[PDB]
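Colleague: Following this: a sequence and the matching experimental structure.
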Amino acid sequence: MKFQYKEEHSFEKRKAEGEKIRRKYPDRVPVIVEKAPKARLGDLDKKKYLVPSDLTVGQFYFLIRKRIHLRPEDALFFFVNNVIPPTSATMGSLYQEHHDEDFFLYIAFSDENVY
């Protein structure tokens, strides 16, 4: 998966921040959210989130949908490691299982279920 955020920050800088964030808040998780190339959607102002580990994936869908000014009828899909995570997962367990070596978790979003 390709992320602007990874290309615009040195990996060492990214890793040292993920690492300290996780030391300072073990009940929060650092997440990067970006639009997959050519989704037919607005993009997010804010890329970088520190979400409480108890928030569900379904509840984060909802905050990301507000931030891009979706109507409730428009589709949205998340992809972590090219896999669509379930809404019933917590952001904590999703982080534990799928975080980057830089200690961020990366989510791509689209209007399509693969694209």
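Modeller: Nice, thanks for sending it over. Numbering: from 1, shown residues only.
Colleague: Let's verify residue 108: helix, strand, or coil?
Modeller: Secondary structure, DSSP: H, G, I helix; E, B strand; the rest coil: residue 108 is strand.
Colleague: so how many other residues sit close to it?
Modeller: If you count neighbours by other C-beta atoms under 10 Å, residue 108 ends up with 20. Any C-beta I mention is one placed from the backbone N, CA and C, and that applies to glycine too.
Colleague: cool, residue 31 as well?
Modeller: 21.
Colleague: same thing with residue 61?
Modeller: The tally of other residues near residue 61 (other C-beta under 10 Å) stands at 18.
Colleague: Residue 100 too?
Modeller: The number of residues packed near residue 100 is 19, by other C-beta under 10 Å.
Colleague: longest single strand anywhere in this structure?
Modeller: For the chain, the strand with the greatest residue count under DSSP state E is strand 28-35.
Colleague: quick one: contacts of the next helix or strand after it?
Modeller: Of the helices and strands lying after strand 28-35 in sequence (DSSP states H and E), the nearest is strand 48-52. The contact list for strand 48-52 (C-beta atoms under 8 Å, 6 or more residues apart in numbering) reads 5, 21, 25, 27-33, 60, 91.
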